[PDB]
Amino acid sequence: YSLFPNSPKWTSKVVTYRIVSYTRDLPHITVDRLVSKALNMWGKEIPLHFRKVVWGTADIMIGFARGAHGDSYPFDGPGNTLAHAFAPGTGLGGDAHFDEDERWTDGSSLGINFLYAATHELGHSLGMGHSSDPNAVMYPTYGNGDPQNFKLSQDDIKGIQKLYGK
């Protein structure tokens, strides 16, 4: 595992999150259930706790976007970069954006598995950098293992606990 330079991390017991926009590929309830599932995958290993808010600012802002969307990291259409997220901090810090040009799926169709992608991006939102281990969720590319049958590897778990303790 690797952390971001200077090891930024949320310095609070509770971290809020808000899903600002949705994809047209999935029911809204599925995105909510899956973001929750994803946050709690990391949540179970550490002392942090998460709370969803539906208006205003939250530490982690989640949204879907195609192309340019204000943050200077324009998406690029289907394929290539699937999504991106930012190290803990204020403003853009902690946010996770998913490329709406991708065919997102919960796993029952051909496309990009949103739970797998969200676990990876929220790992970045919590402070995780990339892994050299092809099997870790934090590995830089999608599809080495099985998007529909996976779990955090010992490498992912070691890194998150190095950042927030057990």
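All residue numbers refer to positions in the sequence shown, first residue = 1.
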Check whether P147 has no coordinates in at least a third of the other compared PDB entries of this protein, counting only entries that model residues on both sides of it. no
Using the B-factors recorded in the PDB entry, average over the C-alpha atoms of 43 to 51 and of 125 to 133, then report which stretch comes out higher. 43 to 51
Between 66 to 74 and 115 to 123, the record assigns the higher mean Cα B factor to 66 to 74
Which one of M138, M61, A38, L110 shows the top CA temperature factor in the record? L110
When the modelled residues of the chain are sorted by Cα temperature factor, does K13 land in the lowest, middle or highest third? highest
Could you tell me which third, lowest, middle or highest, the C-alpha B-factor of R33 occupies within its chain? highest
